[PDB]
Structure formats: structure tokens, C-alpha cells
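The data below hold one chain only, encoded as C-alpha cells and taken in the form deposited in one PDB entry.
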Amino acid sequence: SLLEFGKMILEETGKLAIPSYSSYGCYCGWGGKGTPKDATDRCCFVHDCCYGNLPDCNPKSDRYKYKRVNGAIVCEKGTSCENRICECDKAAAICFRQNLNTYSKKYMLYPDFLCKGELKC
């Protein structure tokens, strides 16, 4: 759920999901359309696509458990949906950590109309 995901984000990046990643670019927070604005926005695009592969699951509210072995995020086994949502989130968190050096504040509260172009998953 958005509860575990936000906790991963904070531990990885040191930033708070809201509002650091809830209104960033074209895909972080609104789901959305357009061409990802940067690496971090690409993390969100892929994350959205990951959730998109789980039609019969509920990522926002289904809670899962995860632990950290040597700092590494480890998804604990739960239901099938829980295992897969965790992996989707785990990947986004790492992706965010990997692109921290490039995170830009000019993309916060990005206006919707500036999100143009297309990109399928």
C-alpha cells in the first residue's frame, strides 16, 4: 500500500513521498500522460506500468511486508498480489535512489498541459 511505498522512498532517498514524489513531472503522483520529463519521472512511468500489469490487485491499499537484509529491500511472501506489488515499489525506490543526483525542483507541481507526446508501456 501507499503506506509501505512511502516508507521505502524515505529510507532510500531521505525525501518524503508527499510532496517530493506526489506531484513531480508527468507520472509521479497523477498517473498521467506525456513524455517523462527526466530519469526520476521515468521511474514513475515504469512504476505505473508495473502496477498496470496487476489488473486484479489493489496497490494503493493492499499492504505487504518487506525487510532489509544488508540494507537491501527484501519482499516477504504474502499473497500473490502482495508479492508483485512489493517488487513494483521496490524497483521504483531503487530507481529513485539511483537518480537522486538528477532530481530537479523545477519539475515539482509540473503543469498538466506541458505533458505532451505518447509512450506505451
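Heads up: residue numbers just count along the shown sequence, starting at 1.
The following text describes the form deposited with a small molecule bound, which does not appear among the structures shown.
The small molecule in the deposited complex is approached by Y51, whose closest heavy atom lies within 4.5 angstroms of it. Interface membership of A91, defined by any non-hydrogen atom within 4.5 Å of the small molecule in the deposited complex, is ruled out. Interface residue remark: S80 is not counted as part of the site for the small molecule in the deposited complex, having no heavy atom within 4.5 Å. The closest heavy atom approach of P59 to the small molecule in the deposited complex falls within 4.5 Å.
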